[PDB]
file final.cif (mmCIF, C-alpha atoms and all ligand atoms)
data_target
loop_
_atom_site.label_atom_id
_atom_site.label_comp_id
_atom_site.auth_asym_id
_atom_site.auth_seq_id
_atom_site.Cartn_x
_atom_site.Cartn_y
_atom_site.Cartn_z
CA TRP A 120 254.61 -204.77 -153.18
CA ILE A 121 252.60 -207.00 -150.84
CA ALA A 122 252.81 -204.42 -148.07
CA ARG A 123 251.87 -201.60 -150.46
CA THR A 124 248.91 -203.42 -152.01
CA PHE A 125 247.32 -205.34 -149.13
CA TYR A 126 248.46 -203.98 -145.75
CA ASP A 127 248.88 -200.77 -143.75
CA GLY A 128 251.48 -199.17 -141.50
CA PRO A 129 252.00 -200.10 -137.85
CA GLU A 130 250.71 -196.72 -136.67
CA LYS A 131 247.16 -197.43 -137.85
CA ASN A 132 246.85 -200.61 -135.78
CA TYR A 133 248.69 -198.99 -132.86
CA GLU A 134 246.32 -196.03 -132.63
CA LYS A 135 243.23 -198.16 -133.27
CA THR A 136 244.26 -200.39 -130.36
CA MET A 137 244.70 -197.29 -128.20
CA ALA A 138 241.18 -196.14 -129.06
CA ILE A 139 239.68 -199.59 -128.43
CA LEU A 140 241.45 -199.83 -125.08
CA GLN A 141 240.16 -196.41 -124.07
CA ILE A 142 236.58 -197.28 -124.99
CA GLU A 143 236.57 -200.60 -123.17
CA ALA A 144 238.29 -199.25 -120.06
CA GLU A 145 235.64 -196.53 -119.86
CA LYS A 146 232.97 -199.21 -120.23
CA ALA A 147 234.44 -201.26 -117.37
CA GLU A 148 234.60 -198.20 -115.11
CA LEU A 149 230.98 -197.36 -115.95
CA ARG A 150 229.92 -200.93 -115.13
CA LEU A 151 231.52 -200.84 -111.67
CA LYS A 152 230.01 -197.41 -111.04
CA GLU A 153 226.57 -198.65 -112.11
CA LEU A 154 226.76 -201.56 -109.69
CA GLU A 155 227.78 -199.28 -106.81
CA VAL A 156 225.08 -196.70 -107.60
CA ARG A 157 222.40 -199.40 -107.82
CA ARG A 158 223.47 -200.82 -104.46
CA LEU A 159 223.39 -197.39 -102.83
CA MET A 160 219.99 -196.40 -104.23
CA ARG A 161 218.40 -199.72 -103.32
CA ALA A 162 219.77 -199.51 -99.78
CA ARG A 163 218.84 -195.85 -99.20
CA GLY A 164 215.90 -195.13 -101.50
CA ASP A 165 216.83 -191.45 -101.94
CA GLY A 166 217.43 -191.66 -105.69
CA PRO A 167 215.22 -191.87 -108.77
CA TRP A 168 215.48 -195.67 -108.80
CA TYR A 169 213.70 -198.14 -106.51
CA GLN A 170 210.98 -195.59 -105.71
CA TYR A 171 208.12 -197.68 -104.45
CA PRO A 172 204.65 -196.11 -104.46
CA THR A 173 202.92 -194.49 -101.49
CA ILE A 174 199.41 -193.19 -100.90
CA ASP A 175 198.62 -189.95 -102.71
CA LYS A 176 197.93 -186.96 -100.47
CA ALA A 177 195.35 -185.51 -102.88
CA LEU A 178 192.94 -188.30 -101.87
CA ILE A 179 192.44 -187.05 -98.30
CA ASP A 180 189.22 -185.12 -97.69
CA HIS A 181 189.83 -181.90 -95.75
CA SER A 182 186.33 -180.93 -94.63
CA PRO A 183 184.37 -180.95 -91.36
CA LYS A 184 183.46 -184.56 -90.67
CA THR A 185 180.21 -184.37 -88.65
CA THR A 186 182.36 -184.67 -85.52
CA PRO A 187 184.92 -182.11 -84.30
CA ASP A 188 187.60 -184.71 -83.48
CA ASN A 189 187.60 -186.20 -87.01
CA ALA B 2 156.71 -198.20 -141.61
CA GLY B 3 153.82 -200.61 -142.15
CA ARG B 4 155.84 -203.62 -141.00
CA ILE B 5 156.34 -201.99 -137.59
CA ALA B 6 152.60 -201.38 -137.19
CA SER B 7 151.85 -204.97 -138.20
CA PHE B 8 154.47 -206.27 -135.76
CA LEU B 9 153.10 -204.21 -132.87
CA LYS B 10 149.54 -205.29 -133.62
CA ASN B 11 150.65 -208.93 -133.86
CA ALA B 12 152.47 -208.68 -130.53
CA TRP B 13 149.59 -206.96 -128.74
CA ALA B 14 147.68 -210.12 -129.61
CA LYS B 15 148.87 -213.44 -128.14
CA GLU B 16 151.65 -211.63 -126.22
CA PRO B 17 150.18 -208.67 -124.29
CA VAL B 18 152.32 -209.16 -121.17
CA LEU B 19 155.62 -208.76 -123.01
CA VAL B 20 154.32 -205.71 -124.90
CA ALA B 21 153.18 -204.07 -121.66
CA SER B 22 156.43 -204.86 -119.85
CA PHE B 23 158.61 -203.54 -122.67
CA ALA B 24 156.50 -200.38 -122.93
CA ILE B 25 156.70 -199.72 -119.18
CA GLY B 26 160.45 -200.36 -119.12
CA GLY B 27 161.10 -198.10 -122.10
CA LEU B 28 159.02 -195.33 -120.55
CA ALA B 29 160.91 -195.74 -117.27
CA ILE B 30 164.21 -195.39 -119.13
CA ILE B 31 163.16 -192.41 -121.27
CA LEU B 32 160.87 -190.22 -119.17
CA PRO B 33 163.19 -189.12 -116.29
CA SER B 34 165.48 -187.28 -118.72
CA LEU B 35 162.50 -185.17 -119.87
CA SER B 36 160.76 -184.41 -116.58
CA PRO B 37 161.47 -180.90 -115.24
CA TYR B 38 161.04 -182.12 -111.65
CA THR B 39 164.19 -184.26 -111.49
CA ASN B 40 166.20 -181.11 -110.80
CA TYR B 41 163.69 -180.30 -108.07
CA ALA B 42 164.27 -183.75 -106.58
CA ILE B 43 168.03 -183.18 -106.66
CA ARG B 44 167.58 -179.80 -104.95
CA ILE B 45 165.33 -181.31 -102.26
CA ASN B 46 168.03 -183.90 -101.62
CA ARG B 47 170.55 -181.05 -101.37
CA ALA B 48 168.37 -179.08 -98.95
CA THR B 49 168.09 -181.87 -96.37
CA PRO B 50 170.49 -181.13 -93.47
CA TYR B 51 171.96 -184.36 -92.16
CA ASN B 52 174.99 -182.63 -90.62
CA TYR B 53 175.66 -179.58 -88.49
CA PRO B 54 176.42 -176.49 -90.61
CA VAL B 55 179.87 -175.57 -89.34
CA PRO B 56 180.19 -171.78 -89.01
CA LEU B 57 182.97 -169.98 -90.83
CA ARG B 58 185.49 -167.74 -89.09
CA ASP B 59 184.54 -164.17 -89.94
CA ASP B 60 187.39 -162.24 -91.57
CA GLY B 61 185.50 -159.12 -92.68
CA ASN B 62 185.37 -160.24 -96.32
CA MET B 63 182.31 -162.52 -96.50
CA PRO B 64 179.36 -160.23 -97.29
CA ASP B 65 177.32 -163.20 -98.56
CA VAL B 66 177.69 -165.47 -95.51
CA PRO B 67 175.05 -164.54 -92.90
CA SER B 68 175.85 -163.80 -89.27
CA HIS B 69 172.53 -165.15 -87.93
CA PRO B 70 169.98 -167.62 -89.30
CA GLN B 71 167.47 -164.76 -89.52
CA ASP B 72 169.78 -162.75 -91.79
CA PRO B 73 168.64 -162.45 -95.43
CA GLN B 74 171.93 -163.90 -96.71
CA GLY B 75 172.28 -167.54 -97.64
CA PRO B 76 170.10 -169.99 -99.56
CA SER B 77 166.35 -169.89 -99.03
CA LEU B 78 163.82 -172.72 -99.06
CA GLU B 79 160.76 -170.72 -100.11
CA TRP B 80 160.52 -172.65 -103.39
CA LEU B 81 160.17 -175.86 -101.38
CA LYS B 82 157.30 -174.45 -99.33
CA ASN B 83 155.62 -173.21 -102.51
CA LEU B 84 155.92 -176.73 -103.98
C1 LIG A 201 255.24 -213.76 -158.36
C2 LIG A 201 254.21 -213.28 -157.37
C3 LIG A 201 254.46 -213.89 -155.99
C4 LIG A 201 253.39 -213.45 -154.99
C5 LIG A 201 252.00 -213.87 -155.46
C6 LIG A 201 250.94 -213.27 -154.56
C7 LIG A 201 249.54 -213.60 -155.06
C8 LIG A 201 248.50 -213.23 -154.01
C9 LIG A 201 247.30 -214.16 -154.10
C10 LIG A 201 246.77 -214.49 -152.71
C11 LIG A 201 246.39 -213.22 -151.97
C12 LIG A 201 245.43 -213.54 -150.83
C13 LIG A 201 244.62 -212.31 -150.46
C14 LIG A 201 245.33 -211.49 -149.40
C15 LIG A 201 244.53 -210.24 -149.05
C16 LIG A 201 243.07 -210.42 -149.45
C17 LIG A 201 242.15 -209.81 -148.41
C18 LIG A 201 242.55 -208.38 -148.07
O1 LIG A 201 243.71 -208.40 -147.23
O2 LIG A 201 242.87 -207.70 -149.28
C19 LIG A 201 241.80 -206.86 -149.70
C20 LIG A 201 242.03 -206.49 -151.16
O3 LIG A 201 241.92 -207.68 -151.93
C21 LIG A 201 242.21 -207.48 -153.31
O4 LIG A 201 241.60 -206.27 -153.75
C22 LIG A 201 241.65 -208.66 -154.10
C23 LIG A 201 242.42 -209.95 -153.85
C24 LIG A 201 241.85 -211.09 -154.67
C25 LIG A 201 242.94 -212.04 -155.14
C26 LIG A 201 242.40 -213.12 -156.07
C27 LIG A 201 243.54 -213.90 -156.72
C28 LIG A 201 243.06 -215.22 -157.30
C29 LIG A 201 241.93 -215.02 -158.31
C30 LIG A 201 241.75 -216.26 -159.18
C31 LIG A 201 240.76 -215.98 -160.31
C32 LIG A 201 240.97 -216.92 -161.49
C33 LIG A 201 240.26 -216.41 -162.73
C34 LIG A 201 238.83 -216.95 -162.85
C35 LIG A 201 238.83 -218.35 -163.45
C36 LIG A 201 237.42 -218.84 -163.71
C37 LIG A 201 241.72 -205.61 -148.84
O5 LIG A 201 242.84 -204.77 -149.12
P1 LIG A 201 242.69 -203.18 -148.97
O6 LIG A 201 241.92 -202.90 -147.71
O7 LIG A 201 242.19 -202.64 -150.29
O8 LIG A 201 244.21 -202.70 -148.76
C38 LIG A 201 244.52 -201.32 -148.59
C39 LIG A 201 246.00 -201.19 -148.27
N1 LIG A 201 246.34 -199.77 -148.10
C40 LIG A 201 245.53 -199.20 -147.01
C41 LIG A 201 247.77 -199.65 -147.76
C42 LIG A 201 246.08 -199.05 -149.35
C1 LIG A 202 164.96 -200.88 -123.09
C2 LIG A 202 163.77 -201.40 -122.28
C3 LIG A 202 164.10 -202.70 -121.56
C4 LIG A 202 163.25 -202.89 -120.30
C5 LIG A 202 161.88 -203.47 -120.62
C6 LIG A 202 161.82 -204.97 -120.34
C7 LIG A 202 161.84 -205.27 -118.85
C8 LIG A 202 161.53 -206.74 -118.58
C9 LIG A 202 161.06 -207.44 -119.84
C10 LIG A 202 162.16 -208.28 -120.48
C11 LIG A 202 162.22 -209.68 -119.88
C12 LIG A 202 162.82 -210.69 -120.86
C13 LIG A 202 162.02 -210.80 -122.16
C14 LIG A 202 162.27 -212.14 -122.86
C15 LIG A 202 161.74 -212.14 -124.30
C16 LIG A 202 161.54 -213.55 -124.85
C17 LIG A 202 160.92 -213.53 -126.25
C18 LIG A 202 160.55 -214.93 -126.75
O1 LIG A 202 161.31 -215.55 -127.41
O2 LIG A 202 159.29 -215.47 -126.43
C19 LIG A 202 158.50 -215.80 -127.53
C20 LIG A 202 157.24 -214.94 -127.54
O3 LIG A 202 157.62 -213.60 -127.72
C21 LIG A 202 158.02 -213.31 -129.03
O4 LIG A 202 157.44 -213.78 -129.95
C22 LIG A 202 159.20 -212.37 -129.27
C23 LIG A 202 158.87 -210.94 -128.85
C24 LIG A 202 157.37 -210.64 -128.95
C25 LIG A 202 157.06 -209.19 -128.57
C26 LIG A 202 158.08 -208.65 -127.57
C27 LIG A 202 157.93 -207.15 -127.33
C28 LIG A 202 157.91 -206.34 -128.63
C29 LIG A 202 157.92 -204.84 -128.36
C30 LIG A 202 156.96 -204.46 -127.23
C31 LIG A 202 156.93 -202.95 -126.98
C32 LIG A 202 156.58 -202.16 -128.22
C33 LIG A 202 156.54 -200.66 -127.94
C34 LIG A 202 155.39 -200.28 -127.03
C35 LIG A 202 154.21 -199.69 -127.79
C36 LIG A 202 152.87 -200.05 -127.15
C37 LIG A 202 151.71 -199.22 -127.71
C38 LIG A 202 151.50 -197.93 -126.91
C39 LIG A 202 158.09 -217.27 -127.42
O5 LIG A 202 157.00 -217.37 -126.55
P1 LIG A 202 156.94 -218.63 -125.49
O6 LIG A 202 156.38 -218.15 -124.17
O7 LIG A 202 158.32 -219.19 -125.28
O8 LIG A 202 155.94 -219.80 -126.09
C40 LIG A 202 154.72 -220.04 -125.43
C41 LIG A 202 153.60 -220.05 -126.46
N1 LIG A 202 153.45 -221.38 -127.03
#

call {"tool": "encode", "arguments": {"input": "final.cif", "output": "C-alpha cells", "more": "lines below"}}
Ligand SMILES: CCCCCCCCCCCCCCCCC[C@@H](O)O[C@H](CO[C@H](O)CCCCCCCCCCCCCCC)COP(=O)(O)OCC[N+](C)(C)C
Ligand SMILES: CCCCCCCC/C=C\CCCCCCCC(=O)O[C@H](COC(=O)CCCCCCC/C=C/CCCCCCCC)COP(=O)(O)OCCN
result
Amino acid sequence: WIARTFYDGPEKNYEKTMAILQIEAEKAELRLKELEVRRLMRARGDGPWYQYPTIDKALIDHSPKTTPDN
Amino acid sequence: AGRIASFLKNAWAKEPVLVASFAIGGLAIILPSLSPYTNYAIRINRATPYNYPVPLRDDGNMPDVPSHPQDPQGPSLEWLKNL
C-alpha cells in the first residue's frame, strides 16, 4: 500500500537518470568545445569573436589632391 | 502690445547702448537668411580656382565636358562680370 500510494516504479527513476546524464554530458562537451573555440578565435582572429576595429575605407578621399603624387 | 512699446521706450531712455547693441545683433542674426545675395556670395566662393582643373580622360561619351577652354561647354562666369 505504501508503494502504491506514495512511490513509483524503478523504471521512472532509471530513465530520468539516463536523461539527466545525457543532458549534463552534452553540457560538459559543449563547455570544453567553447573553451577550445574561444582559444582558437582569440589566437587567430579569423572568427566572429575578438574582431577588433580598424579604419573604415569609406573615409578615404579619392580625388585629385592638388599634386599628382598625392 | 502696449507693455512692449512702453518697455522699448523705457529702455531707449537711460539705456541706449544696450538697445542699440541688441538691435544690431538681432539684425545680424536675421538679415542674412533673407538677403538674395548670400547665394551669390556662395557662388563667387565656388568660382574661385585655387587648384588646377584636372582634365578628364575622353571616352567619347562626355558631350558636356569641353575639349578646350574656348569651347562653349562648361560653366560660365558672365553673371559675375555683370555683377
Ligand atoms: C497502520 C498503518 C501503518 C503505516 C502508517 C503510515 C502513515 C503515513 C504517515 C507519514 C507519511 C509521510 C509522508 C510520506 C510521503 C509524503 C510526501 C510525498 O512522498 O507524498 C506525496 C503525497 O502526500 C500525500 O498526498 C499526503 C500525505 C500527508 C500525510 C499527513 C498525515 C498526518 C496528518 C495529521 C493531521 C491531523 C489532523 C489535524 C489535527 C488538527 C506525493 O505523492 P504522489 O506524488 O501523489 O505519489 C504518486 C505515486 N504514484 C505515482 C505511484 C501514483
Ligand atoms: C539674439 C541677439 C543677441 C545679440 C545681441 C547682443 C550682442 C551683445 C549685447 C549683449 C551683451 C550682454 C548684455 C548684458 C545685459 C545686462 C542687463 C542688466 O542687468 O543691466 C541693467 C540695465 O539694463 C536693464 O535694465 C535690463 C535690459 C535693459 C534693455 C536691454 C535691451 C532690451 C531690448 C533691446 C532691443 C529691442 C529691439 C530693438 C528695437 C529698436 C527700435 C528700432 C542694470 O544696469 P547697470 O549698468 O548694472 O546699472 C548702472 C546704472 N546705475

call {"tool": "closest_atom_pairs", "arguments": {"input": "final.cif", "of": "chain B", "to": "ligand LIG 202 (chain A)", "cutoff": "8 Å", "atoms": "only C-alpha atoms and all ligand atoms", "output": "tab-separated table"}}
result
residue	atom	partner	partner_atom	distance
B:8	CA	A:LIG202	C28	7.9
B:9	CA	A:LIG202	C32	6.2
B:12	CA	A:LIG202	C25	5.0
B:13	CA	A:LIG202	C25	7.8
B:16	CA	A:LIG202	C25	6.4
B:19	CA	A:LIG202	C27	5.2
B:20	CA	A:LIG202	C30	3.7
B:21	CA	A:LIG202	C31	6.6
B:22	CA	A:LIG202	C9	5.3
B:23	CA	A:LIG202	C5	3.9
B:24	CA	A:LIG202	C34	4.2
B:25	CA	A:LIG202	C5	6.6
B:26	CA	A:LIG202	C5	3.7
B:27	CA	A:LIG202	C2	4.2
B:28	CA	A:LIG202	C2	7.9
B:30	CA	A:LIG202	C2	6.8

call {"tool": "residues_near_ligand", "arguments": {"input": "final.cif", "ligand": "ligand LIG 201 (chain A)", "cutoff": "10 Å", "atoms": "all atoms listed in the file", "output": "list in words"}}
result
residues 120, 121, 122, 123, 124, 125, 126, 127, 128 and 131 of chain A

call {"tool": "closest_residue", "arguments": {"input": "final.cif", "among": "B:40, B:52, B:68, B:74", "to": "chain A", "atoms": "all atoms listed in the file"}}
result
B:52

call {"tool": "atom_distance", "arguments": {"input": "final.cif", "atom1": "CA of residue 149 in chain A", "atom2": "CA of residue 133 in chain A"}}
result
24.5 Å

call {"tool": "closest_atom_pairs", "arguments": {"input": "final.cif", "of": "chain A", "to": "chain B", "cutoff": "12 Å", "atoms": "all atoms listed in the file", "output": "CSV"}}
result
residue,atom,partner,partner_atom,distance
A:182,CA,B:55,CA,9.9
A:183,CA,B:55,CA,7.3
A:184,CA,B:52,CA,8.7
A:185,CA,B:52,CA,5.8
A:186,CA,B:53,CA,8.9
A:187,CA,B:55,CA,9.7

call {"tool": "atom_distance", "arguments": {"input": "final.cif", "atom1": "CA of residue 43 in chain B", "atom2": "CA of residue 82 in chain B"}}
result
15.7 Å

call {"tool": "atom_distance", "arguments": {"input": "final.cif", "atom1": "CA of residue 63 in chain B", "atom2": "CA of residue 75 in chain B"}}
result
11.3 Å

call {"tool": "build_atoms", "arguments": {"input": "final.cif", "residues": "range 49-69 of chain B", "atoms": "N, CA, C and O atoms", "output": "compact mmCIF listing (two decimals), in the coordinates of the input"}}
result
# COMPACT_ATOMS: atom_id res chain seq x y z
N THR B 49 168.35 -181.11 -97.59
CA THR B 49 168.09 -181.87 -96.37
C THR B 49 169.33 -181.88 -95.49
O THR B 49 170.34 -182.49 -95.85
N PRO B 50 169.30 -181.21 -94.33
CA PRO B 50 170.49 -181.13 -93.47
C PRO B 50 170.65 -182.38 -92.62
O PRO B 50 169.94 -182.58 -91.63
N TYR B 51 171.62 -183.21 -92.98
CA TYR B 51 171.96 -184.36 -92.16
C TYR B 51 173.09 -184.05 -91.18
O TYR B 51 173.28 -184.80 -90.22
N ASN B 52 173.82 -182.97 -91.40
CA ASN B 52 174.99 -182.63 -90.62
C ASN B 52 174.89 -181.20 -90.10
O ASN B 52 174.16 -180.37 -90.65
N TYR B 53 175.64 -180.93 -89.05
CA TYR B 53 175.66 -179.58 -88.49
C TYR B 53 176.34 -178.63 -89.47
O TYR B 53 177.43 -178.93 -89.97
N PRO B 54 175.73 -177.48 -89.77
CA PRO B 54 176.42 -176.49 -90.61
C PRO B 54 177.52 -175.79 -89.84
O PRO B 54 177.24 -174.94 -88.99
N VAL B 55 178.77 -176.12 -90.13
CA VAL B 55 179.87 -175.57 -89.34
C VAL B 55 180.06 -174.10 -89.69
O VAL B 55 180.24 -173.76 -90.87
N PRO B 56 180.02 -173.20 -88.72
CA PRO B 56 180.19 -171.78 -89.01
C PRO B 56 181.60 -171.47 -89.49
O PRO B 56 182.57 -172.13 -89.13
N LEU B 57 181.69 -170.44 -90.33
CA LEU B 57 182.97 -169.98 -90.83
C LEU B 57 183.51 -168.87 -89.93
O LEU B 57 182.76 -168.13 -89.30
N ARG B 58 184.84 -168.77 -89.88
CA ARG B 58 185.49 -167.74 -89.09
C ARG B 58 185.44 -166.42 -89.84
O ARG B 58 186.00 -166.29 -90.93
N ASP B 59 184.76 -165.43 -89.25
CA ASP B 59 184.54 -164.17 -89.94
C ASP B 59 185.86 -163.41 -90.07
O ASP B 59 186.57 -163.20 -89.09
N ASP B 60 186.17 -163.00 -91.30
CA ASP B 60 187.39 -162.24 -91.57
C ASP B 60 187.10 -160.88 -92.18
O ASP B 60 188.02 -160.23 -92.70
N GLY B 61 185.85 -160.42 -92.14
CA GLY B 61 185.50 -159.12 -92.68
C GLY B 61 185.35 -159.07 -94.18
O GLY B 61 185.13 -157.98 -94.72
N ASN B 62 185.47 -160.20 -94.87
CA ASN B 62 185.37 -160.24 -96.32
C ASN B 62 184.43 -161.34 -96.81
O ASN B 62 184.68 -161.97 -97.83
N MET B 63 183.34 -161.57 -96.08
CA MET B 63 182.31 -162.52 -96.50
C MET B 63 180.95 -161.84 -96.41
O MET B 63 180.14 -162.13 -95.51
N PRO B 64 180.66 -160.91 -97.33
CA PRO B 64 179.36 -160.23 -97.29
C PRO B 64 178.18 -161.15 -97.57
O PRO B 64 177.05 -160.80 -97.21
N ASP B 65 178.41 -162.31 -98.18
CA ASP B 65 177.32 -163.20 -98.56
C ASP B 65 177.02 -164.27 -97.52
O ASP B 65 175.95 -164.88 -97.59
N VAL B 66 177.91 -164.50 -96.57
CA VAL B 66 177.69 -165.47 -95.51
C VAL B 66 176.96 -164.76 -94.37
O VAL B 66 177.47 -163.75 -93.87
N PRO B 67 175.78 -165.23 -93.96
CA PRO B 67 175.05 -164.54 -92.90
C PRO B 67 175.75 -164.65 -91.55
O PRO B 67 176.62 -165.49 -91.34
N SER B 68 175.36 -163.76 -90.64
CA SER B 68 175.85 -163.80 -89.27
C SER B 68 174.87 -164.47 -88.32
O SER B 68 175.28 -164.91 -87.24
N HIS B 69 173.61 -164.56 -88.70
CA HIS B 69 172.53 -165.15 -87.93
C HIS B 69 171.64 -165.92 -88.89
O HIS B 69 171.60 -165.60 -90.08
